[PDB]
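A single structure is presented below for examination.
To keep things simple, chains are lettered A, B, C and D as they appear, and every chain counts its residues starting from 1.
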Amino acid sequence: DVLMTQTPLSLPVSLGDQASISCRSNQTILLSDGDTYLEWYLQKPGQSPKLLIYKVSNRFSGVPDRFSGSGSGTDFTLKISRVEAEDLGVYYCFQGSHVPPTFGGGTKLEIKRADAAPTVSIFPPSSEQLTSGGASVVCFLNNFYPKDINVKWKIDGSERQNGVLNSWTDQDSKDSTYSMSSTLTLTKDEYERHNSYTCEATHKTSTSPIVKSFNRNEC
Amino acid sequence: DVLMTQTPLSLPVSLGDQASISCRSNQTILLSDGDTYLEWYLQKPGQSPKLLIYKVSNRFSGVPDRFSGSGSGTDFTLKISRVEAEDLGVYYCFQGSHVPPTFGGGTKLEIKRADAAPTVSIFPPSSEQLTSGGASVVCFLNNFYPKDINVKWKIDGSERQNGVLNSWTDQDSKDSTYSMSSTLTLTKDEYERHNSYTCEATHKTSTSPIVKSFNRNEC
Amino acid sequence: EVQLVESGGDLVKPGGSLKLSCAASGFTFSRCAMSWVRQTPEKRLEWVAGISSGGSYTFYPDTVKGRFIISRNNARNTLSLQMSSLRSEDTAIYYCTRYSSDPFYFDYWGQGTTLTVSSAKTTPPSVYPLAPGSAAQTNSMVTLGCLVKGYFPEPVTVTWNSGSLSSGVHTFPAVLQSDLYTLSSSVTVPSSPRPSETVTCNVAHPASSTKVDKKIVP
Amino acid sequence: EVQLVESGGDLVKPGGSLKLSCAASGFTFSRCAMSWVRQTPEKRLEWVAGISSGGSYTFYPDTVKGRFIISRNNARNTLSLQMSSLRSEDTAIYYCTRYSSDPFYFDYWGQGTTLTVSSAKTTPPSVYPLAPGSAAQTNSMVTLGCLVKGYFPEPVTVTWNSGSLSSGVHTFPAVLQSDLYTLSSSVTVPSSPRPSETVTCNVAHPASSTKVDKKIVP
């Protein structure tokens, strides 16, 4: 069960740049016979893996010249020359020359991008929700770059909270931004014990926080 | 022992249509003596079975021409020509030509009426139950069609909980609907920890959940 | 009127023995052959014992051959099923049946008797009034209930206001928790009555002579 | 044209049994060996069975060894996995692949079936409409959304205005809270439709045939 280690794990490269992903093994994949059953796979967001390069370096059908496998023995390296948009995904190397076959950890190619700032929106609980006796305050941090953003929930003064669900979309294909969503869920009677819910975003495009807020009573 | 596969499990017919139930023997029911003794028995709900058809074609006395039996040897059919409301029951075909005699598993004839939406009602636990340590909060979802419905219990909105019993009636003879009961059983302590309790129904007639709640102290 | 009225079923612990019995009327008993057939749990119907008109030849499926005997007391127009070593697959409703003159199929079923075979102790119910609390308002109608919780064995009889209120009743099939049954019945009364007039559930659990009446008060 | 389609992934209580089939087509079966491969939740990939073209001999890693068997049928064109004694550590998307001629690496991967091994129950989603309140703002572009909270298992489908509003919707990944999923979707409409034209998100949870539509109203 030989375990492959891939480096890097994320890989910002500007369109145009070349990319190099290395997949070293803890065991000799070099085979005397026919130098190595190493293959490289691509998994585009929302698709099944496709084969790109087999037996260290032959490109499979329809793979462009821009892909090229290198290495031998125990160290192997995929190189992607002029990176285009459509090369977003994560790549996985695999060992076939041994039982069991062994996949790598995956390298996420993310396309560097002009920075962008989050289009933030904050939404109160609905009546529909409140009637079943729960309250979820939602804040969408839509369309930004890079990935790193920090969301603080404030309820009545600088009282932050504990009980927040955050999910990010993977890199948006052609537009190249990310998007995130944080939901703060309280019970109805604790939601009613307060009055200011503040979603406060901090992102490398500002020293000033994006603060979106509302005050608890429709009047 | 002759296996007798019946299908369908349930035949949803409307009043006025023709309906056919099929029954198959895994060995033949044709008796060399002259012929077969494949029967069809109806069990209208809460009553003991009654013979509709014997020796596959002939109706027992009482039985109206509307009920018609058929086949020979191994495939057998029962066709109700134009269904009246009081045909609801389970049909079992039977074979007497080979010892030991054996019956079909049944086909439940469901009268399909127009869609009807549940009338939902929720009960707090009784003090009597409560003073002896238990709490069952019960939700009745009455008079609906089709039978398919989903209920979920929310405690404090959060707890969608699971510790619950459900029960449906058969299709009601007098108007083709169903009823359902769901009972959340908790201990007095557990019960008294929370405040809002909720009965949430989702079912074809409405495109929004039907929600019913009580706060456990509202004054 | 052909009538087949069975008698006998009761709760029996799993090795016990019980003789069920059936009595017939309306027809010429001896001309006609008889049977016992059982309907289990998921409504599957098994034939369990045929006997000739003269009690000469008697027939059984292997499941019961040897531990169940059929008999037909023809002078007194009785028919009986003497059974022993009752394992739990006998738990079912047993129906006295009569064959036709062509004795390979049945043309009349009796009422049925139930038999429950388990170690489990008979337990009387606890009946709980289900008075509306809810959310939503009041107008046109109200619906009240009874939670007949924790009893063994089945049956239990629920009637609302002794039989006078039969409008909107539904008594739901009972489910089994930990060797103990729970069922409930709901009823719909006009909003005008249940405050001022009064509605009552009367739960009778026959296997312990428990009779409970519970008044639904707000 | 290599086509490989899997079926039968479902919700299983940890300890059960399930068989996933995979129908191959567009190439010659009996010449290509097959494989089944997994993608766990942390997107890690794991090979879990191998069978050589004639179904002659099956290969397994140790974790599944014992527990799953890999069939095939060169006439009807089907590969499969029989999974028994399911562990929660088998929760994954199950791909079936095609092995190349030197049957030591894969070249074509099927579409995948989700196996969720959990004691949880199927529960329909509550969907609540996220209607704009915010820090006021009627700009040019307003963002609406709707929350799909409390459902099991994956997946759910959110489309907007029956699919005729596919503009800038963002649907976020579901995440598990109290053993249950939660997913929310935003949409951005020009401020001049926001109320005047109706925006509605439509949710479908297939596992419990639920279909909900929520009009987003202010």
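Criterion: a residue touches a chain if its C-beta (ideal position, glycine included) is under 8 Å from a C-beta of that chain, and two chains touch if they have at least 3 such contacts.
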Common touching chains of subunit C and subunit B: none
Whole-Å separation of chain centres (CA-atom averages), subunit A against subunit B: 49
Cα-centroid distance, subunit A relative to subunit D, in whole angstrom: 18
Chain centre separation in whole Å, for subunit C relative to subunit A (CA means): 62
Interface hub residues of subunit C, defined as touching at least two other chains: 135
Per-residue overlap in subunit B, given as positions that touch at least 2 other chains: 158, 200, 208, 213
Arrangement of touching chains [line / ring / star / complete / other]: other
Each pair of chains that touches, named by its two labels: A-B, A-D, B-C, B-D
In the complex with subunit D, residue positions of subunit B that touch it: 148, 150, 152, 158-160, 162, 200, 202, 207-209
Subunit D - residues contacting subunit A, complex: 43-47, 59, 61-62, 95, 100, 102, 104-112, 126, 128-135, 143, 145, 147, 149, 170-175, 177, 182, 184, 186, 188
In the complex, subunit D residues that touch subunit B: 121, 123-124, 126, 150, 178, 180, 208-214
Of subunit B, residues touching subunit A in the complex: 154, 156-158, 195-198, 200, 208, 211, 213, 215
List of subunit A residues in touch with subunit D within their complex: 1, 37, 39, 48-51, 54-55, 60, 90, 92, 94, 96-97, 99-103, 105-106, 119, 121-126, 128-129, 132, 136, 138, 140, 142-143, 165, 167-169, 179-181, 183, 185, 211-214
